[PDB]
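Novice:
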Amino acid sequence: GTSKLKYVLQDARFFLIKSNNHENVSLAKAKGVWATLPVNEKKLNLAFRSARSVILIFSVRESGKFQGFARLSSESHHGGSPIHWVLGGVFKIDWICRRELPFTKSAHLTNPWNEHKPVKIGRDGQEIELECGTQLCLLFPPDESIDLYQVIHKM
Numbered sequence: 344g345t346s347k348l349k350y351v352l353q354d355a356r357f358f359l360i361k362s363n364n365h366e367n368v369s370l371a372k373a374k375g376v377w378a379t380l381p382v383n384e385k386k387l388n389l390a391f392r393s394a395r396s397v398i399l400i401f402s403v404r405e406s407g408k409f410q411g412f413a414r415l416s417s418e419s420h421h422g423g424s425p426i427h428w429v430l440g441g442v443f444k445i446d447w448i449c450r451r452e453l454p455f456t457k458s459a460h461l462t463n464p465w466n467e468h469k470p471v472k473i474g475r476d477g478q479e480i481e482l483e484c485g486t487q488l489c490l491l492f493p494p495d496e497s498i499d500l501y502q503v504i505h506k507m
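Under the entry's author numbering, residues 344 to 430, 440 to 507 are what the sequence shown spells out, in order.
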């Protein structure tokens, strides 16, 4: 069912994350980490203190799909062991869905905070309004590799 997911997403903030390659998403999916440029890192750190959940929705550029979504479990932090991304601080994230959603399945959703353009359109770090982000996350298929239990306790 969707009760657990809807609880996680209640009063959440949502950000589009645009990656230039699949490799960094694969790295991030396995390790539960993300890093972004300074302007977005600041925005995400502010959101983490302001909302019960901050959700990152990933799309690899030119892929025609979203590749999943994840919830920030921390603000960014420096000084950790370097992540050899295939080119700011590192955010720890808990993935909620690592399955793909093609843009054809989100064609009816428009983001009011991006001039009511389809939610698939946006720059890295584009914030997605609450209801559009919630409905977008609800479109993803269930991910049997994921247990929401950890997230629900962290909240």
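Note that CB positions come from ideal geometry on N, CA and C, so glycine has one too.
Does DSSP classify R356 as helix, strand or coil?
Specialist: Counted from its first residue, the sequence shown places residue 356 at position 13. Looking at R356 - three-state DSSP - the assignment turns out to be strand.
Novice: Taking only the alpha-carbon atoms, compute the straight-line gap between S396 and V403 and give it to the nearest angstrom.
Specialist: If you number the sequence shown from 1, residue 396 lands on position 53. If you number the sequence shown from 1, residue 403 lands on position 60. Those two C-alpha atoms are separated by around 23 Å.
Novice: Helix, strand or coil: how does DSSP classify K408 here?
Specialist: Here residue 408 refers to the residue found at position 65 of the sequence shown. Residue state, collapsed to three classes: strand.
Novice: Counting along the chain, where does the alpha helix (DSSP H) carrying residue 434 start and finish?
Specialist: Residue 434 falls within a stretch that is absent from the model, since the chain runs 430 to 440 with no residues between.
Novice: If we count Cβ pairs, one from each stretch, closer than 8 Å, do we get three or more for the segment 361-369 versus the segment 462-473?
Specialist: no
Novice: Determine the closest residue to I498 out of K506, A413, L488, with distance taken between C-alpha atoms.
Specialist: Taking the sequence shown and counting its residues from 1, the one referred to as residue 498 is at position 146. Cα-wise, what sits closest to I498 is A413.
Novice: In terms of residues, what are the limits of the beta strand (DSSP E) holding residue 436?
Specialist: This model leaves out residue 436; its place in the chain lies between 430 and 440, and no residues are given there.
Novice: Per DSSP, which one or two residues make a beta bridge with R414?
Specialist: Along the sequence shown, one-based indexing puts residue 414 at 71. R414 is bridged to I398, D446.
Novice: Taking the beta strand (DSSP E) that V376 belongs to, which residues open and close that run?
Specialist: Working through the sequence shown from its first residue, we reach residue 376 at position 33. Per DSSP, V376 belongs to the beta strand (DSSP E) from 376-378.
Novice: List the DSSP bridge partners of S362.
Specialist: Stepping through the sequence shown from its first residue, residue 362 is reached at position 19. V403.
Novice: According to the neighbour-count rule (16 or more other Cβ atoms, all chains shown, within 10 Å of its Cβ), is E384 buried or exposed?
Specialist: On the sequence shown, position 41 is the one that residue 384 refers to. By the neighbour-count rule (16 or more Cβ atoms within 10 Å), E384 is buried.
Novice: By how many angstroms is the C-alpha of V503 removed from the C-alpha of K457?
Specialist: As a first step, residue 457 must be located in the sequence shown, where it is residue number 105. As a first step, residue 503 must be located in the sequence shown, where it is residue number 151. Each residue's Cα considered, the two are about 26 Å apart.
Novice: Which residues does DSSP pair with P470 in a beta bridge?
Specialist: Position 118 of the sequence shown, counted from the first residue, corresponds to residue 470. According to DSSP, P470 shares a beta bridge with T462.
Novice: Using beta carbons (cut-off 9 Å, strictly below), is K347 in contact with chain C?
Specialist: Any reference to chain C falls outside this structure, which holds one protein chain only.
Novice: Tell me which same chain residues have a C-beta within less than 7 Å of the C-beta of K347, skipping the five on either side of it?
Specialist: As a working mapping, residue 347 is identified with position 4 in the sequence shown. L500, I504, listed in sequence order.
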